[PDB]
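In the form deposited in one PDB entry, a lone chain appears below as structure tokens.
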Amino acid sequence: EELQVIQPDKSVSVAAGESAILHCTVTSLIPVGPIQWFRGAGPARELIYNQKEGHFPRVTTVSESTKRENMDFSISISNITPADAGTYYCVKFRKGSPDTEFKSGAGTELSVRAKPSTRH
């Protein structure tokens, strides 16, 4: 029954300027600890969202609450540009001193479609 982190989309394609929804659910509430979203798998990955701390004005959670019982950690990111293309990972932390990474999701690759030129 060990926790799994489920990212059901391998890939998401959005038009430039549209919002992009990156899905993540968990199969257990055990162990307690934060779910964080990153762009990149690497040491220079960017923290995209953490509900417990920090400011992320582009992100809106699907779950619409911080209830401890929530199992959907999916987010929407507004006004997508090619700078946002990347593989996004939903990561389960175990609370501790310090919190440690328990499970990472498989990644969802965000691609961004350029607006066709006019007219013609």
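Each residue number is its position in the shown sequence, starting from 1. We call the rigid core the largest set of C-alpha positions that still match within 1.5 Å between the two forms. Only residues modelled in both forms are compared.
Mean CA B-factor, 64 to 72 versus 45 to 53: the higher value falls on 45 to 53.
In the PDB entry, a CA B factor belonging to the highest third of its chain's modelled residues is recorded for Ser11. Sorting the modelled residues of the chain by their CA temperature factor places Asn79 in the lowest third. In the deposited entry, the Cα temperature factor of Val112 places it in the middle third of its chain's modelled residues.
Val91 sits in the lowest third of its chain by CA B factor, as recorded in the PDB entry.
Note that the form deposited in another entry isn't included here; everything after this is about it.
Put simply, after the core is superposed between this form and the one not shown, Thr66 is the one residue in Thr66, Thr27, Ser78, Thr81 with a Cα shift of at least 2 angstroms.
Between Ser65 and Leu29, the C-alpha separation shrinks by 3 Å or more in that other deposited form, relative to the conformation displayed. Identified as moving between this form and the one not shown on the superposed core are the stretches 52 to 54, 64 to 69, each made of at least three consecutive residues whose Cα atoms shift by 2 Å or more.
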